[PDB]
>>> print(open('upload-v8.cif').read())   # mmCIF, C-alpha atoms
data_final
loop_
_atom_site.label_atom_id
_atom_site.label_comp_id
_atom_site.auth_asym_id
_atom_site.auth_seq_id
_atom_site.Cartn_x
_atom_site.Cartn_y
_atom_site.Cartn_z
CA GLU N 6 64.41 62.31 130.39
CA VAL N 7 67.26 59.86 130.99
CA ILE N 8 66.47 59.48 134.68
CA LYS N 9 63.17 57.63 135.03
CA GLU N 10 60.92 57.57 138.09
CA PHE N 11 62.25 54.04 138.75
CA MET N 12 65.96 53.33 138.23
CA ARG N 13 68.26 50.46 139.00
CA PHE N 14 71.99 50.57 139.54
CA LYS N 15 74.86 48.12 139.60
CA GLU N 16 77.96 48.73 141.64
CA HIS N 17 81.46 47.51 142.13
CA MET N 18 83.66 48.41 145.07
CA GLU N 19 87.31 47.54 145.66
CA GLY N 20 89.81 48.68 148.21
CA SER N 21 91.39 47.83 151.49
CA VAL N 22 91.12 48.77 155.12
CA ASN N 23 94.17 48.38 157.43
CA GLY N 24 95.88 46.23 154.79
CA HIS N 25 92.89 44.00 154.17
CA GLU N 26 91.94 43.98 150.51
CA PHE N 27 88.44 43.18 149.35
CA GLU N 28 85.81 43.54 146.66
CA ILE N 29 82.05 43.95 146.75
CA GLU N 30 79.38 43.84 144.06
CA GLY N 31 75.88 45.18 144.40
CA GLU N 32 72.62 45.74 142.57
CA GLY N 33 69.95 48.14 143.79
CA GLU N 34 66.86 50.06 142.77
CA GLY N 35 65.07 53.21 143.71
CA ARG N 36 62.98 56.24 142.89
CA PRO N 37 65.36 59.11 142.13
CA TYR N 38 62.79 61.80 142.46
CA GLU N 39 61.59 60.38 145.75
CA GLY N 40 65.11 60.16 147.27
CA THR N 41 64.77 56.48 148.19
CA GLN N 42 66.63 53.30 147.18
CA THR N 43 67.71 49.82 148.38
CA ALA N 44 70.59 47.60 147.34
CA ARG N 45 71.69 43.95 147.69
CA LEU N 46 75.42 43.81 148.41
CA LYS N 47 77.86 40.89 148.61
CA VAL N 48 81.57 40.50 149.38
CA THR N 49 83.16 38.85 146.36
CA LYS N 50 86.79 38.77 147.40
CA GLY N 51 88.30 39.24 150.86
CA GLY N 52 85.30 37.94 152.80
CA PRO N 53 84.71 37.95 155.51
CA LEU N 54 85.94 41.45 156.25
CA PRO N 55 87.61 41.95 159.59
CA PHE N 56 86.18 45.42 160.08
CA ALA N 57 82.76 47.13 160.50
CA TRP N 58 80.57 47.00 157.44
CA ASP N 59 79.41 50.41 158.59
CA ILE N 60 82.38 52.20 157.18
CA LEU N 61 81.68 50.92 153.65
CA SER N 62 77.96 51.57 153.68
CA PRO N 63 77.95 55.29 152.88
CA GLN N 64 80.19 54.59 149.91
CA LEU N 65 77.62 52.43 148.26
CA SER N 69 74.27 56.97 145.24
CA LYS N 70 73.47 60.68 145.01
CA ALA N 71 71.29 60.48 141.93
CA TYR N 72 68.76 59.31 144.50
CA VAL N 73 68.09 62.52 146.46
CA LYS N 74 64.73 64.33 146.48
CA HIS N 75 65.12 68.00 145.55
CA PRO N 76 62.60 70.86 145.45
CA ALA N 77 62.26 72.45 142.02
CA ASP N 78 63.92 75.62 143.18
CA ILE N 79 67.22 73.79 143.95
CA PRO N 80 69.23 72.68 140.92
CA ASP N 81 69.65 68.84 141.03
CA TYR N 82 73.24 69.08 139.82
CA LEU N 83 74.00 65.36 140.23
CA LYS N 84 70.82 64.28 138.38
CA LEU N 85 71.42 66.93 135.80
CA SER N 86 74.89 65.41 135.17
CA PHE N 87 73.48 62.22 133.54
CA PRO N 88 73.85 60.31 131.31
CA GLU N 89 77.48 61.02 131.33
CA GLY N 90 77.53 61.19 135.12
CA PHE N 91 79.86 62.58 137.77
CA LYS N 92 82.65 61.62 140.07
CA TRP N 93 83.04 62.04 143.85
CA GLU N 94 85.97 61.90 146.33
CA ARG N 95 85.59 61.80 150.04
CA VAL N 96 87.53 61.77 153.27
CA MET N 97 86.18 60.54 156.63
CA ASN N 98 88.24 61.47 159.66
CA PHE N 99 87.31 59.22 162.57
CA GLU N 100 87.54 60.48 166.10
CA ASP N 101 90.15 57.92 167.03
CA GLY N 102 92.56 58.52 164.14
CA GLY N 103 90.98 56.11 161.63
CA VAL N 104 90.73 57.44 158.06
CA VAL N 105 88.85 56.39 154.93
CA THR N 106 89.37 58.10 151.56
CA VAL N 107 87.14 57.21 148.61
CA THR N 108 87.10 57.89 144.86
CA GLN N 109 83.98 56.98 142.87
CA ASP N 110 82.66 57.11 139.34
CA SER N 111 78.99 57.21 138.39
CA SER N 112 77.46 56.98 134.91
CA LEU N 113 74.25 55.85 133.25
CA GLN N 114 74.51 53.14 130.66
CA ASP N 115 71.47 51.59 128.98
CA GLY N 116 68.87 52.81 131.51
CA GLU N 117 70.88 51.68 134.57
CA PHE N 118 73.35 53.61 136.77
CA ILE N 119 76.83 52.21 136.97
CA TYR N 120 78.97 52.88 140.01
CA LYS N 121 82.66 52.09 140.40
CA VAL N 122 84.06 52.83 143.91
CA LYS N 123 87.56 52.61 145.40
CA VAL N 124 87.96 52.71 149.11
CA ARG N 125 91.04 53.02 151.25
CA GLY N 126 90.85 52.85 155.03
CA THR N 127 93.83 52.96 157.33
CA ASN N 128 95.05 53.68 160.87
CA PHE N 129 91.99 52.19 162.68
CA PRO N 130 93.15 51.07 166.19
CA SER N 131 93.05 47.27 166.38
CA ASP N 132 91.12 47.65 169.60
CA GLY N 133 88.71 50.27 168.14
CA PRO N 134 85.01 49.72 167.33
CA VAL N 135 85.81 49.46 163.62
CA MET N 136 88.37 46.68 163.72
CA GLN N 137 86.45 45.13 166.64
CA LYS N 138 83.09 45.35 164.80
CA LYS N 139 81.28 47.10 167.66
CA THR N 140 79.35 49.67 165.58
CA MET N 141 75.59 49.49 164.99
CA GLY N 142 74.65 51.72 162.05
CA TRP N 143 74.54 55.43 161.43
CA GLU N 144 72.32 58.06 163.00
CA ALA N 145 70.63 60.25 160.36
CA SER N 146 72.92 62.93 159.01
CA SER N 147 72.44 66.37 157.54
CA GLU N 148 75.07 67.18 154.87
CA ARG N 149 75.84 70.87 154.25
CA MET N 150 75.99 71.28 150.49
CA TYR N 151 77.58 74.24 148.83
CA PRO N 152 79.13 75.24 145.53
CA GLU N 153 82.89 75.78 145.55
CA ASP N 154 85.73 75.72 143.00
CA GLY N 155 83.21 74.90 140.23
CA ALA N 156 82.21 71.71 142.07
CA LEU N 157 79.55 70.72 144.55
CA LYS N 158 80.83 70.17 148.08
CA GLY N 159 79.38 68.30 151.03
CA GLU N 160 80.34 68.65 154.67
CA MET N 161 78.95 66.70 157.68
CA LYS N 162 79.80 65.09 161.02
CA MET N 163 78.46 61.50 161.00
CA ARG N 164 77.60 59.42 164.11
CA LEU N 165 77.98 55.70 164.18
CA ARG N 166 76.06 54.01 167.00
CA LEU N 167 78.25 51.94 169.33
CA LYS N 168 77.07 48.57 170.50
CA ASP N 169 77.40 49.96 174.03
CA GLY N 170 75.03 52.87 173.58
CA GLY N 171 77.52 55.59 172.72
CA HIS N 172 78.59 56.98 169.33
CA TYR N 173 81.80 56.89 167.36
CA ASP N 174 82.17 60.03 165.21
CA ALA N 175 83.51 61.15 161.82
CA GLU N 176 84.07 64.50 160.15
CA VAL N 177 83.26 63.88 156.51
CA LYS N 178 84.13 66.03 153.52
CA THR N 179 83.00 65.19 149.98
CA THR N 180 83.49 66.84 146.58
CA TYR N 181 80.97 66.00 143.80
CA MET N 182 81.98 66.93 140.26
CA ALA N 183 79.76 66.51 137.16
CA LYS N 184 81.49 65.31 134.00
CA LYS N 185 80.03 68.37 132.20
CA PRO N 186 79.43 71.79 133.75
CA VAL N 187 75.77 71.24 134.70
CA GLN N 188 74.11 73.97 136.84
CA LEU N 189 75.58 74.17 140.35
CA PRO N 190 73.01 74.93 143.06
CA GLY N 191 73.31 77.41 145.90
CA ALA N 192 74.05 76.32 149.44
CA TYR N 193 71.51 73.92 151.01
CA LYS N 194 71.20 70.86 153.22
CA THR N 195 70.51 67.16 152.56
CA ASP N 196 69.04 65.02 155.32
CA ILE N 197 70.05 61.46 154.89
CA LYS N 198 69.28 58.20 156.71
CA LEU N 199 70.92 54.84 155.83
CA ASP N 200 69.74 51.59 157.34
CA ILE N 201 71.19 48.14 157.11
CA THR N 202 67.94 46.22 156.63
CA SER N 203 69.45 42.75 156.37
CA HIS N 204 72.76 40.89 156.58
CA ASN N 205 74.23 37.48 157.22
CA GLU N 206 76.21 36.97 160.43
CA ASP N 207 79.61 37.75 158.93
CA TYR N 208 78.22 40.47 156.68
CA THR N 209 79.31 38.90 153.41
CA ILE N 210 75.67 39.40 152.31
CA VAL N 211 74.01 42.69 153.29
CA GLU N 212 71.04 44.87 152.24
CA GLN N 213 70.66 48.59 152.80
CA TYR N 214 68.09 51.30 152.42
CA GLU N 215 68.65 55.04 152.22
CA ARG N 216 66.37 58.02 152.07
CA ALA N 217 67.81 61.49 151.27
CA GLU N 218 66.12 64.82 150.68
CA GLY N 219 67.52 68.25 149.89
CA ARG N 220 65.99 71.35 151.49
CA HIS N 221 67.00 74.99 151.96
CA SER N 222 69.12 75.73 154.99
#
>>> encode(input="upload-v8.cif", output="structure tokens")
Amino acid sequence: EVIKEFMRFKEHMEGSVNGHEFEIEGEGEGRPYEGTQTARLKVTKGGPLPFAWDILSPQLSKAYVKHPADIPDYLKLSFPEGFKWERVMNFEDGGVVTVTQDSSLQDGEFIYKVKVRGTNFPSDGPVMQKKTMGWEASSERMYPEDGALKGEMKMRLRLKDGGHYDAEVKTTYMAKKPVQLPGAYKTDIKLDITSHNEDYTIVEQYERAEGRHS
């Protein structure tokens, strides 16, 4: 089995949000079959970012999702070659983030290359004003479509005030080879920022995800 009970990953992210370019590198580790992982991230160009780290967090690892045996683990099955994913997040106030990402397994470690593009966030919004405080747990609706695996969910970012700032998120996950697509199901996910420096140029995150029938 190429995917061991303990697996590390290395990741590179580049992109821009509202004209601000940046780059981030990260290294993480986790238990793929347990659906858990952590990562140490750092801004390597463009720091400090003038927008909420929260919008980048979900872009930083689907090989780490616990699945019952009766649900094909399409994304795990896709390794070592890997899979690619593209996403769009439509924020309630007009902000948008589109992402393209490549995942592969090279020499016992996952390699992630991510490109993010965010635009149209109001300068007085919670994103550009950094007033968000992490995501509430989500439940992504997974389903096979067009020979790919799709994911649909509304995500809620906590607002420093006490409210929430929402996003309708749509993701397409496509294995590099036609590994077995599963039927429709749901994945409960929770991502936590467990540590960060004041200006978020150094940040640590944890995420637990588990697939279950809907």
>>> closest_residue(input="upload-v8.cif", among="N:177, N:139, N:211, N:196", to="residue N:32", atoms="all atoms listed in the file")
N:211
>>> resolve_selection(input="upload-v8.cif", expression="the PyMOL selection byres ((chain N and resi 89) around 9)", output="list in words")
residues 86, 87, 88, 90, 91, 111, 112, 113, 114, 183, 184 and 185 of chain N
>>> atom_distance(input="upload-v8.cif", atom1="atom CA of residue N:202", atom2="atom CA of residue N:165")
15.7 Å
>>> atom_distance(input="upload-v8.cif", atom1="atom CA of residue N:175", atom2="atom CA of residue N:123")
18.9 Å
>>> closest_residue(input="upload-v8.cif", among="N:136, N:97, N:65, N:77", to="residue N:109", atoms="all atoms listed in the file")
N:65
>>> atom_distance(input="upload-v8.cif", atom1="atom CA of residue N:11", atom2="atom CA of residue N:35")
5.8 Å
>>> decode(input="upload-v8.cif", residues="stretch 146-172 of chain N", atoms="N, CA and C atoms", output="tab-separated table (two decimals), in the first residue's frame")
chain	number	residue	atom	x	y	z
N	146	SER	N	-18.01	22.02	8.77
N	146	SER	CA	-18.79	21.96	7.54
N	146	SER	C	-19.18	20.52	7.28
N	147	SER	N	-20.13	20.34	6.39
N	147	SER	CA	-20.52	19.03	5.92
N	147	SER	C	-20.57	19.17	4.38
N	148	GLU	N	-19.60	18.60	3.68
N	148	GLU	CA	-19.57	18.67	2.22
N	148	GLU	C	-20.39	17.54	1.61
N	149	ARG	N	-21.25	17.87	0.66
N	149	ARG	CA	-22.08	16.90	-0.06
N	149	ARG	C	-21.30	16.41	-1.26
N	150	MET	N	-20.88	15.15	-1.19
N	150	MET	CA	-20.05	14.55	-2.22
N	150	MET	C	-20.91	13.76	-3.14
N	151	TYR	N	-20.58	13.78	-4.43
N	151	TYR	CA	-21.37	13.05	-5.39
N	151	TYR	C	-20.62	12.88	-6.69
N	152	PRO	N	-20.82	11.75	-7.36
N	152	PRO	CA	-20.13	11.54	-8.62
N	152	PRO	C	-20.86	12.28	-9.74
N	153	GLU	N	-20.11	12.93	-10.61
N	153	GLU	CA	-20.71	13.62	-11.76
N	153	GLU	C	-19.72	13.92	-12.88
N	154	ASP	N	-20.09	13.61	-14.12
N	154	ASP	CA	-19.18	13.90	-15.24
N	154	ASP	C	-17.85	13.13	-15.09
N	155	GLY	N	-17.91	11.91	-14.55
N	155	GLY	CA	-16.70	11.11	-14.37
N	155	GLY	C	-15.71	11.69	-13.37
N	156	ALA	N	-16.19	12.59	-12.52
N	156	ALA	CA	-15.34	13.21	-11.48
N	156	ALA	C	-16.10	13.17	-10.17
N	157	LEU	N	-15.40	13.49	-9.08
N	157	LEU	CA	-16.03	13.53	-7.79
N	157	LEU	C	-16.32	14.98	-7.47
N	158	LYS	N	-17.57	15.32	-7.15
N	158	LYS	CA	-17.86	16.70	-6.80
N	158	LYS	C	-18.18	16.92	-5.33
N	159	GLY	N	-17.95	18.15	-4.88
N	159	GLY	CA	-18.20	18.51	-3.50
N	159	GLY	C	-18.92	19.83	-3.47
N	160	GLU	N	-20.00	19.88	-2.70
N	160	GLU	CA	-20.80	21.09	-2.54
N	160	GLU	C	-21.11	21.38	-1.06
N	161	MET	N	-20.86	22.61	-0.61
N	161	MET	CA	-21.12	23.00	0.78
N	161	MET	C	-21.18	24.51	0.98
N	162	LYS	N	-21.94	24.93	1.99
N	162	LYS	CA	-22.00	26.33	2.39
N	162	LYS	C	-21.09	26.37	3.65
N	163	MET	N	-20.06	27.21	3.63
N	163	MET	CA	-19.14	27.31	4.74
N	163	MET	C	-19.36	28.62	5.54
N	164	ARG	N	-19.22	28.54	6.87
N	164	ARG	CA	-19.44	29.69	7.75
N	164	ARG	C	-18.22	30.11	8.50
N	165	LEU	N	-17.74	31.30	8.17
N	165	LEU	CA	-16.61	31.87	8.85
N	165	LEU	C	-17.14	32.67	10.04
N	166	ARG	N	-16.60	32.43	11.23
N	166	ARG	CA	-16.99	33.20	12.39
N	166	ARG	C	-16.45	34.65	12.28
N	167	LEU	N	-17.30	35.60	12.63
N	167	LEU	CA	-16.93	37.01	12.62
N	167	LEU	C	-16.52	37.41	14.01
N	168	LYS	N	-15.47	38.22	14.08
N	168	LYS	CA	-15.00	38.69	15.37
N	168	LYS	C	-16.14	39.17	16.26
N	169	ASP	N	-17.17	39.74	15.65
N	169	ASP	CA	-18.31	40.27	16.39
N	169	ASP	C	-19.05	39.17	17.13
N	170	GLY	N	-19.45	38.16	16.39
N	170	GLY	CA	-20.20	37.05	16.94
N	170	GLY	C	-21.04	36.45	15.83
N	171	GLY	N	-21.11	37.16	14.72
N	171	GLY	CA	-21.87	36.69	13.56
N	171	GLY	C	-21.04	35.75	12.70
N	172	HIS	N	-21.51	35.54	11.47
N	172	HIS	CA	-20.87	34.64	10.50
N	172	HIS	C	-20.83	35.32	9.16
